[PDB]
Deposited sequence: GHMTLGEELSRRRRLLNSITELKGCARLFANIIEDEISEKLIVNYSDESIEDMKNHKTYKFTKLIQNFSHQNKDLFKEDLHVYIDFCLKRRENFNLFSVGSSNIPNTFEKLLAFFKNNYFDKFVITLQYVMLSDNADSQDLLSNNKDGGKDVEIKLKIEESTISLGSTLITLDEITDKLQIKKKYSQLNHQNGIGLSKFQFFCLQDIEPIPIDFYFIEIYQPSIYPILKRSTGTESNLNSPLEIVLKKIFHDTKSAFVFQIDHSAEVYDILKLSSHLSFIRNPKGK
C-alpha cells in the first residue's frame, strides 16, 4: 500500500461523500429534439430548458441527446452500487417508453459481481407481475411479499432489485428500486408525496426518504410535456438520505 490510483480513489470517495450529504435528487432530461417543440428552447451549456409557453427555466443534472443505461445512466448506477447505498430510478414519461433493456444491462454487466434478486409488483391507488402481494414498510426498507426470482431465471410499476455482493462478508444486500410512472394521472400524487392516506403516497414517501433518488424524464411530442417539466421542478428539492 498504496498506489497513486488507490490514493486518488480514497480522495474521490471522500469528495463524493461530502458532495452527497448536502445534495439532491439527480434529474436527467431525456430529450427527443426530433419531436420536441419550439415552445421549449434547450441549453446544454447550462444544462437547462426554457418553456417559452410558461416562462420557466428548468435546470437539470444532465441533458441527454436523443439505449439509456449502457450510454448515459450507467455512471449513476455503478456509482451507487460501489458506494453500497440504496437507491432508485424513476422513469417518468407521458406515454409508455426500458425495463427489458435494464434487465439485459444488468444480466450482462453485474452477473459476475452480484447475485441479483427481483420482485416486481403493480401498485394501484395491486398485482404481482411475476406470479407462476404483501408489502411491509420497515425502517431498513420496503419489502414486497411478491414472488421473488433471480435474474438468471391508475398504477405504477415497482420493481425491487436486491444486489448480493459475491466477494463480501457484508450480509445486508443493496436495494435498487426501479419505478415506472407513465399515467399522467399519477403526477399529482408524486408531487404530494415529496413534501396514512394513500398506498402510493406512503410507498413513494418511503422511497424518497430512505433511498437515493434519480429521475429520467421523457420529452416526447406529448400533450403532458409541460406537466412533466413542471413536475421535475417539484422533485428537484428531493434531498438525499442521511
Seminar exercise, completed: Numbered from 1 on the deposited sequence, the unmodelled stretches are 1, 68-73, 105-106, 135-137, 145-153, 175-191, 234-237, 285-286
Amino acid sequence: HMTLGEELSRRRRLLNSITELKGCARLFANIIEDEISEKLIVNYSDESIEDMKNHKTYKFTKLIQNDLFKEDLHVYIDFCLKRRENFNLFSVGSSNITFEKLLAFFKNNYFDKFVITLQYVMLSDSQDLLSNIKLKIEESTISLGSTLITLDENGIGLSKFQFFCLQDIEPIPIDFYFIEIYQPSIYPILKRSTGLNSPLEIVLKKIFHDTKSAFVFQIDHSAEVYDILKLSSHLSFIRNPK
From here on, numbers count along this sequence of modelled residues.
For this session: Would you tell me which stretch averages the higher CA B-factor in the PDB entry, 41-49 or 175-183?
Result: 41-49
Problem set entry | Of 67-75 and 142-150, the stretch whose C-alpha atoms average the higher B-factor in the entry | 67-75
Exercise. From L130, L135, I97, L158, which pick has the Cα B-factor that tops the rest in the entry?
Worked result: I97
Exercise. Which of these, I207, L190, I36, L27, has its C-alpha atom at the highest B-factor, as the entry lists it?
Worked result: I36
Seminar exercise, completed: Binned into thirds over the chain's modelled residues, the C-alpha B-factor of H221 lands in the highest
Problem set entry | CA B-factor placement of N109, once the chain's modelled residues are sorted into thirds | highest
For this session: Quick one: classify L235 as lowest, middle or highest third of the chain based on its Cα B-factor.
Result: lowest
Exercise. Going by the entry, which third of its chain does the Cα temperature factor of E85 land in?
Worked result: lowest
For this session: Among all modelled residues of this chain, ranked by Cα B factor, put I169 in the bottom, middle or top third, i.e. lowest, middle or highest.
Result: highest
